[PDB]
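Participant: Chains as they are written, first to last, in the entry's author numbering: chain C, 169 to 746; chain D, 380 to 746; chain B, 191 to 569.
Note that CB positions come from ideal geometry on N, CA and C, so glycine has one too.
Here it is, the structure, as structure tokens.
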Ligand SMILES: Nc1ncnc2c1ncn2[C@@H]1O[C@H](COP(=O)(O)OP(=O)(O)OP(=O)(O)O)[C@@H](O)[C@H]1O
Ligand SMILES: Nc1ncnc2c1ncn2[C@@H]1O[C@H](COP(=O)(O)OP(=O)(O)OP(=O)(O)O)[C@@H](O)[C@H]1O
Ligand SMILES: Nc1ncnc2c1ncn2[C@@H]1O[C@H](COP(=O)(O)OP(=O)(O)OP(=O)(O)O)[C@@H](O)[C@H]1O
Ligand SMILES: Nc1ncnc2c1ncn2[C@@H]1O[C@H](COP(=O)(O)OP(=O)(O)OP(=O)(O)O)[C@@H](O)[C@H]1O
Ligand SMILES: Nc1ncnc2c1ncn2[C@@H]1O[C@H](COP(=O)(O)OP(=O)(O)O)[C@@H](O)[C@H]1O
């Protein structure tokens, strides 16, 4: 007792314990257990960081304050330091000697309570070249006789996995569940605790700041539990605003600072648009339309979803956007998404649904069940989302995956959460789910038989409905049906590819100019409505790169200069030179 | 009473210690009661309260505030889920029979299978029921359980395997919250082999995880939501007259769920589609939620009545239930609102009025 | 890393659980970030709150060395804890935070360095900086809820191109002193860009610097005839090629000749069907001339025609003439849908998982090769 436990009453007398607020029924039942005749040993079990240790030390704090029923008055709770207890037990019997001496001291006191934090650790305290003769059994007979009182604290998992193993020790304690408090209890706890943090960080918290901290930590941080994550938000806000007086920012911590802390912790695009975040969102449709020609309404839908997200009008809990892009090949379905990722400056999560042809490939997405060979790997999808919570999720050619795999995205779109094999949950509320497919293509490109050609516009939707279950479609933000590229779009695509080729050549230090009629001839040569834009890339490659490759590989353009490409009219041929 | 209740509701210790602990805690409680000198005998009510607090289960509460909570539960839910009253009625009656003590022997509070077209309040009624009771909500998306060997994920890996020390998720959750609402979403999309776990649970209210530990489901409401049988109900027959395909819905459900599984259910509540007035109420609900979102930004909003009617007429889709209304309201309101909140008039200001003209059926905006 | 360093400093000055956790992919610079915080403290490039603070890198080996005689490890650990508590101005840096969840005494196996430290961290008594990769974190560290709760998660993200360029600029003098070689700015930028484009198995601030160091080391092995030189873009290209398997600038050698006479060297082996040799040579030339695709295979060709016309022979001869391996797959063996699992592997939890995929592994082992799909109509 001299130097192995710390007097918690002494701490509360010197203010070393943060004050216990609320927890009325919990502490009342802890006292009730303490007042039993036999096995008066309460065990505080609960989630990690919900106030179990807080309750245990707040009992002694209340004793010092005297706001306790007049049966635990003058009782002194001591926190056991197992670490220092085991320090010098090098020789046989030292541990048992010191432990039993402390035990008889506690027996003689008849007023003290021994609080053992993380009591699940005492299932072994030294069997070094020996048997079960450690503290796990030394403490057993004293509890059953009701001579001493011990308070335990452990999480549900550690309890179930370690403490429940020894039924003899397990039955000597009274399990008490410390549940996570609700909103009002948490904000009141913060109200009672924040004087100390204001003192430590030399700041002031507004009431709205505290309420916002509570609500945001609730709806944005799903890693931890309320009474600790809220005060963590508070502490980090205090520290940040305390580091600001380098420019003499002696002021209160308003709501905006709380949102800064929450966004920097949860890695979310918060803190209201502002600065230029507004400029970037404003001309995003432009920066995309200059790289994706035609199919502008897809860019419109994407930008509207992103803005609604940043404007605070997003969904309560859903991905930023859940889009199904369907249309013929080579019309920019994946390109608009990749360019959106590059424009926003965030991560692109590309997944090739063609690799998920079989039903049993779901385990590749979410991980293998426990006990199996691939358990230690987790799942690819959820791991990627957890690593990059703010990103764009691209699922290429979802019609190629097994029709059953869609049921994962079902829950992902509905709730924005996905649980891997470890019970961990990925947060999809900050991702844009975009799925590309060629579903309605073959049905729209059909030939009517009869004297009257029919309207086949609805056939793309018919095919998509036949492929995707009604509940899967019912969770999509919108289905943007892409149309084929028109000839002016083809000219613009040819120009974009010319710019790409020019960049490639500038890398080699040579310049290229292509006459306008040459561009027109290339467009008229390569245009194929049924195949979109890839034939343009092919024809441009064949017509320009191959002659250019020969010219620069074999001397004529080695460290060359200007490439002179123009079109003649008699043969529709191109010119070349240095 | 101490003996009987410690037997029936404590299953972690052995009888000669269970009863002694019940009696000792009752004595300590009656000894702490006389802070106002109420040194009394231990009545049956005190023993019942002690065991209920030990078993973490609800006691007799026909007088407390939760009696009123149960009194107005059906209405406090009907204000959030419009139509489909029979589901709310069944849920509330099951919760009452459990709380009234006139419950099932050792079964869960209620075992209900919710089936019907998508986009209706099958899962939403469950979320709002968990909120209205203030009890934990355990959500399990059975779509993550397509393979038959994912049962190991539910109940844990057998001893002598890599995933043993983690334990099952379902049993661990129920251990953490013995009084909760258990939501199993899209169970027909899980592997049909998984249904046998639910067989065992529904019949006995107990479940043994990998550690031989038994989870107690007697105080957990079991609600499972499916979209099974919907294809037939909405499938058009060929002929001059269409048939009620509800018989086909029943046939499909029986195809998917073995006879004993259907026998271990409290009821199968067939959710209906949403009517037009129900659509109007849904529009009102979503507009209220949008108004809350805007007030978070400091923007008041007023939407006219005929604008509401026009939104409902534009978004009404019988096949998809209430979900299309979300998109309709989204595009028709949030888009101009997002523009005005980002690079427009509604930056730190509100008073946005939306009204419908009759020449173009368009919306008004602005300060 | 001023943003991340500022986040770390903000975390350290907190009242409770003021223990930042540097989480990031390997090679990103987590250990580098901690030791550079120490370095800037030495140079005073810190806010006054962290000034005059001493960071200690905790060694686990020497801490557990010889800790027989139950209590030796505990006594030693508590002695370290007491020295740090008395210092009141020290931060303990644990390079591998996921490795302190076990400290022997498997009998019972509970009183380890993890449970020994939780009271200190929860009380805000001591400041410790951790570091771990993402998978180690999520599979080893975060499993201990109470320990993960006492640490503040900081994501150390992969830097950008220009950030990498500046990092290499700042690190260059040490590599110069080590190799006695000098780097040109164009060479550094080329190293960064080529490492991004062609090296796929590492992350920027550890693979661009890898190219820099290896170029310096090889140019240090050039003065066997005393070829004293600075590192130009050419050496960088050679280095990045030794991993990408195709040099871009070495084409100024006889590689130009091999390209030029390739069509003929094939025509002497494949008679007729000149169109195929022409197409293949044009594709390979466009690739080697830098005009090829930046994210596509060198060439994707479907050869169709009657039997015995040289469809398979021309590809084998092309592989021979180029000196590259022939990744040969017969699509008649993949006549069934489920056979794709041979090419890509089985999902986790299934019998063939640890084997991997045939095609992907063959491609990874041979980054530069010709892929032949015999009888594709049979798959
Ligand atoms: N009633 C309370 N009053 C004030 N703070 C509380 C209360 N309950 C919890 N806390 C906060 O939680 C922290 C203490 O956590 P607690 O001891 O409850 O969990 P724990 O013992 O750390 O759990 P584990 O052993 O799983 O880590 C304190 O920093 C405090 O801010
Ligand atoms: N609107 C467009 N503007 C510019 N380039 C385009 C456009 N549409 C297609 N492309 C070209 O096509 C390539 C990408 O095509 P994309 O991935 O969009 O096709 P897709 O719609 O996915 O068809 P599939 O799924 O069948 O491949 C780009 O390299 C780009 O040059
Ligand atoms: N009765 C209702 N009242 C109000 N809103 C409803 C109702 N039914 C559904 N909704 C809307 O639908 C959303 C919840 O959908 P839910 O999860 O119930 O779909 P579901 O029944 O699972 O369909 P599926 O299983 O086919 O996906 C809520 O956001 C809510 O706005
Ligand atoms: N901020 C930085 N400035 C310059 N170089 C850095 C920086 N961060 C990392 N590096 C480079 O990375 C190397 C050190 O690796 P670092 O400590 O960053 O990660 P690590 O210790 O390898 O991580 P782990 O411990 O997980 O393996 C150094 O050689 C250095 O060149
Ligand atoms: N055009 C050709 N020139 C020279 N040899 C040829 C030609 N076509 C076929 N052969 C010979 O016939 C054999 C079969 O050629 P291959 O291309 O593999 O046939 P397939 O097209 O059926 O795969 C080869 O070994 C090759 O030597």
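Check residue 364 (chain C) in the structure and name its three-state DSSP category.
Facilitator: Here the question's residue 364 (chain C) lines up with position 196 in the first chain. The answer is helix: DSSP assigns residue 364 (chain C) an H, G or I state.
Participant: Less than 7 Å between the CB of residue 557 (chain B) and some heavy atom of ligand 1, yes or no?
Facilitator: As a position in the third chain, residue 557 (chain B) is number 367, starting the count at 1. Answer for residue 557 (chain B): no, Cβ out of range of ligand 1.
Participant: For residue 591 (chain D), is the classification buried or exposed, using 16 other Cβ atoms within 10 angstroms of its Cβ as the cut-off for buried?
Facilitator: For the purposes of this step, residue 591 (chain D) is taken as the residue at position 212 of the second chain. Classification of residue 591 (chain D): exposed, given that the 10 Å Cβ count is below 16.
Participant: Just to confirm the assignment: which complete alpha helix (DSSP H) runs, minimum length 4, are found wholly within the segment 461-531 of chain D?
Facilitator: Fully enclosed alpha helix (DSSP H) runs of 4 or longer: 464-478, 501-512.
Participant: What is the DSSP secondary structure of residue 722 (chain C), counted as helix, strand or coil?
Facilitator: Your numbering for residue 722 (chain C) matches position 554 in the first chain. Coil, per DSSP.
Participant: I'd like to know whether the C-beta atoms of residue 583 (chain C) and residue 497 (chain D) end up nearer to each other than 8 Å.
Facilitator: Start at 1 with the first residue of the first chain, and residue 583 (chain C) comes out as number 415. Start at 1 with the first residue of the second chain, and residue 497 (chain D) comes out as number 118. In this structure, residue 497 (chain D) does not lie closer than 8 Å to residue 583 (chain C) by Cβ.
Participant: In chain D, what lies closer than 7 Å to residue 329 (chain C) by C-beta?
Facilitator: Against the first chain, residue 329 (chain C) aligns to sequence position 161. By Cβ distance, chain D contributes 544.
Participant: First and last residue of the beta strand (DSSP E) that includes residue 398 (chain C)?
Facilitator: Residue mapping note: residue 398 (chain C) aligns to position 230 of the first chain, counting from 1. Unbroken run through residue 398 (chain C) is the alpha helix (DSSP H), 394-411; no beta strand (DSSP E).
Participant: Three-state secondary structure (DSSP) at residue 317 (chain B)?
Facilitator: Counting from 1 along the third chain, the entry for residue 317 (chain B) is found at position 127. Strand, per DSSP.
Participant: In the DSSP assignment, find the alpha helix (DSSP H) that holds residue 218 (chain C) and state where it starts and stops.
Facilitator: As a position in the first chain, residue 218 (chain C) is number 50, starting the count at 1. Taken as a continuous stretch (DSSP letters only), residue 218 (chain C) belongs to no alpha helix (DSSP H), as it is neither H nor E.
Participant: In its own chain, which residues sit with a C-beta less than 8 Å from the C-beta of residue 312 (chain B), not counting the 5 before and 5 after it?
Facilitator: For the purposes of this step, residue 312 (chain B) is taken as residue 122 along the third chain, with counting starting at 1. 206, 207, 340, listed in sequence order.
Participant: If you run the structure through DSSP and keep just helix, strand and coil, what is residue 245 (chain B)?
Facilitator: By 1-based counting over the third chain, the position of residue 245 (chain B) is 55. Residue 245 (chain B) falls in the strand class under three-state DSSP.
Participant: Taking residue 221 (chain C) as the query, report the chain B residues whose CB atoms sit under 8 Å from its CB, ordered along the chain.
Facilitator: The sequence position of residue 221 (chain C) within the first chain is 53, counting from 1. Neighbours of residue 221 (chain C) on chain B, chain order: 312.
Participant: How far does the alpha helix (DSSP H) with residue 708 (chain D) in it extend, from its first residue to its last?
Facilitator: For the purposes of this step, residue 708 (chain D) is taken as residue 329 along the second chain, with counting starting at 1. Per DSSP, residue 708 (chain D) belongs to the alpha helix (DSSP H) from 702-708.
Participant: Residues in the same chain with beta-carbon distance under 7 Å from residue 467 (chain D), minus the five sequence neighbours each way, listed in chain order, please.
Facilitator: Here residue 467 (chain D) is taken as the residue at index 88 of the second chain, counted from 1. In the same chain as residue 467 (chain D), and ignoring 5 residues on each side of it, the C-beta atoms closer than 7 Å to its own belong to 453, 456, 457, 460, 504, in chain order.
Participant: Within the structure, which residues are defined as neighbours of ligand 5 by a Cβ-heavy atom distance below 6 Å, reported in chain order?
Facilitator: B:460, B:461, B:462, B:463, B:497, B:498, B:499, B:500, B:501, B:502, B:503
Participant: Would you check whether ligand 1 has a heavy atom nearer than 7 Å to the C-beta of residue 206 (chain B)?
Facilitator: As a first step, residue 206 (chain B) is located in the third chain; it is residue number 16 there, counting from the start. Yes, since a heavy atom of ligand 1 falls inside the 7 Å radius drawn around the Cβ of residue 206 (chain B).
Participant: I believe residue 602 (chain C) touches residue 491 (chain C) by the beta-carbon criterion, under 8 Å. Please report the beta-carbon distance rounded to the nearest angstrom.
Facilitator: In the first chain, counting from the first residue as 1, residue 602 (chain C) sits at position 434. In the first chain, counting from the first residue as 1, residue 491 (chain C) sits at position 323. About 5 Å separates the two Cβ atoms, so the contact holds.
Participant: Mind checking whether the beta-carbon of residue 573 (chain C) lies closer than 7 Å to any heavy atom of ligand 3?
Facilitator: Position 405 of the first chain, counted from the first residue, corresponds to residue 573 (chain C). No, since every heavy atom of ligand 3 falls outside the 7 Å radius drawn around the Cβ of residue 573 (chain C).
Participant: Quick check on the DSSP output: the alpha helix (DSSP H) that includes residue 279 (chain B) runs from which residue to which?
Facilitator: Stepping through the third chain from its first residue, residue 279 (chain B) is reached at position 89. It is not in any alpha helix (DSSP H) - residue 279 (chain B) carries neither H nor E in the DSSP assignment.
Participant: Rounded to whole angstroms, what is the Cα-Cα separation between residue 553 (chain C) and residue 698 (chain C)?
Facilitator: By 1-based counting over the first chain, the position of residue 553 (chain C) is 385. By 1-based counting over the first chain, the position of residue 698 (chain C) is 530. The straight-line gap from Cα to Cα measures roughly 36 Å.
Participant: Please determine, among C:684, C:228, C:344, the residue with the shortest C-alpha to C-alpha distance to residue 327 (chain C).
Facilitator: Numbered from its first residue, the first chain carries residue 327 (chain C) at position 159. The shortest C-alpha separation from residue 327 (chain C) is found at C:344.
Participant: What residue range is occupied by the uninterrupted beta strand (DSSP E) comprising residue 646 (chain C)?
Facilitator: In the first chain, counting from the first residue as 1, residue 646 (chain C) sits at position 478. Looking at the DSSP string, the run of the beta strand (DSSP E) that includes residue 646 (chain C) is 646-649.
Participant: Give a yes or no on whether the minimum CB-CB distance between residue 375 (chain C) and chain B is below 8 Å.
Facilitator: Within the first chain, the letter at position 207 stands for residue 375 (chain C). No, its Cβ sits nowhere closer than 8 Å to a Cβ of chain B.
Participant: Using the Cβ count rule (16 or more neighbours within 10 Å means buried), how would you classify residue 485 (chain C)?
Facilitator: As a working note, residue 485 (chain C) is residue 317 in the first chain. In summary, residue 485 (chain C) is exposed, with fewer than 16 beta-carbon neighbours lying within 10 Å of its beta-carbon over all protein chains present.
Participant: Could you give the uninterrupted runs of the alpha helix (DSSP H) lying entirely in the segment 651-681 of chain D, keeping only those of 4 residues or more?
Facilitator: 655-675
Participant: For chain D, check one thing: does any of its Cβ atoms lie closer than 8 Å to the Cβ of residue 480 (chain C)?
Facilitator: Position 312 of the first chain, counting from 1, holds the residue named residue 480 (chain C). Residue 480 (chain C) counts as touching chain D.
Participant: Sorted by chain position, which residues of the same chain lie with C-beta nearer than 6 Å to residue 563 (chain B)'s C-beta, five sequence neighbours on each side aside?
Facilitator: Residue 563 (chain B) sits at position 373 when you count from the first residue of the third chain. The residues are 519, 521.
Participant: May I ask whether a heavy atom of ligand 4 can be found less than 7 Å away from the beta carbon of residue 361 (chain B)?
Facilitator: Here the question's residue 361 (chain B) lines up with position 171 in the third chain. Indeed, a heavy atom of ligand 4 lies less than 7 Å from the Cβ.
Participant: Quick one: grab the DSSP three-state call for residue 553 (chain B).
Facilitator: Walking along the third chain from the start, residue 553 (chain B) turns up at place 363. In the structure shown, residue 553 (chain B) sits in a helix (DSSP, three-state: H, G or I).
Participant: Listing by chain order, which chain B residues have their CB less than 9 Å from the CB of residue 537 (chain C)?
Facilitator: Along the first chain, read from residue 1 onward, the residue named residue 537 (chain C) stands at position 369. What residue 537 (chain C) touches in chain B: 539.
Participant: With distance defined between alpha-carbon atoms, name the residue in D:433, D:387, D:652, D:414 nearest to residue 401 (chain D).
Facilitator: Position 22 of the second chain, counted from the first residue, corresponds to residue 401 (chain D). Of the candidates D:433, D:387, D:652, D:414, the one whose C-alpha sits nearest the C-alpha of residue 401 (chain D) is D:433.
Participant: Of all Cβ atoms in chain D, is any one closer than 8 Å to the Cβ of residue 354 (chain C)?
Facilitator: Looking up residue 354 (chain C) in the first chain gives position 186. Answer no: the Cβ-Cβ gap between residue 354 (chain C) and chain D never drops below 8 Å.
Participant: Which bits of chain C does residue 305 (chain B) rub up against, with CB to CB less than 7 Å?
Facilitator: One-based indexing of the third chain puts residue 305 (chain B) at position 115. 286, 289, listed in chain order.
Participant: For residue 325 (chain C), decide whether its Cβ has a neighbour in chain B, counting only Cβ atoms nearer than 8 Å.
Facilitator: Within the first chain, numbered from 1, the residue matching residue 325 (chain C) stands at position 157. Closer than 8 Å to some Cβ of chain B, the Cβ of residue 325 (chain C) qualifies, so yes.
Participant: Per DSSP, what kind of secondary structure is residue 534 (chain B) in: helix, strand or coil?
Facilitator: For the purposes of this step, residue 534 (chain B) is identified with residue 344 of the third chain, where counting begins at 1. In this structure, residue 534 (chain B) counts as helix in the three-state DSSP scheme.
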